[PDB]
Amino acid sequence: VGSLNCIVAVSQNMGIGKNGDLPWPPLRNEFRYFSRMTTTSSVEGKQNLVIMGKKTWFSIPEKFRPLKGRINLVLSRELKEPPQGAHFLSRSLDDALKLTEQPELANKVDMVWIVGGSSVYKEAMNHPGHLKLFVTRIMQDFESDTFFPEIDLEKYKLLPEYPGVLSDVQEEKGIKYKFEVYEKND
């Protein structure tokens, strides 16, 4: 298995969701960026794995579930099988990464992308190891009911640039946003 990563878009007041929808108007190029980063695998003959909680999975419109060209794993203790269209189910983040080491996935998975929601972000972010955060800063306040966990800048270093990540300010639908990459290793 390659690198472990979170990827998120977040408003200025830290909001990542409002009733399981985007707090902001849909940004098509911001979504393109999400699909590119998560789908692109270095290693030939492998796909990236995406890991998400159950609410995050059910927040995706049906036409976009599973995320195509990526292996989809949902986290849940209540579910007893992967939801319709998903590939894998695990009880917890720890268990999902342990699986990634079994024979049915060890040779299949390149990068792992945690795509939410806020409790799965929080445990990944607080767990020791090499982890990057791909964070889009939406530079406006948007009403939200779910939030990104605090980024501890003592541990996470913001990278001065990163291949395939535009560094300058973007704007769609009248909303300015920018891409950032953070990296810890502890």
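Note that residue numbering begins at 1 and tracks the sequence as displayed.
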Name the higher of the two by mean Cα B-factor in the PDB entry, 45-53 versus 25-33.
-> 25-33
Where do the C-alpha atoms have the higher mean temperature factor in this entry, in 133-141 or in 118-126?
-> 118-126
From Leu75, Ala86, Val112, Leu99, can you pick the one with the highest C-alpha B factor in the entry?
-> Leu99
Going by the entry, which third of its chain does the Cα temperature factor of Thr40 land in?
-> highest
Report the third (lowest, middle or highest) to which the CA temperature factor of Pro163 belongs, ranking only the modelled residues of the same chain.
-> middle
Just say lowest, middle or highest third for the CA B-factor of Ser3 relative to the other modelled residues in its chain.
-> middle
For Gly15, the third of its chain by CA B-factor is the middle
Chain thirds of CA B-factor: placement of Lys176 = middle
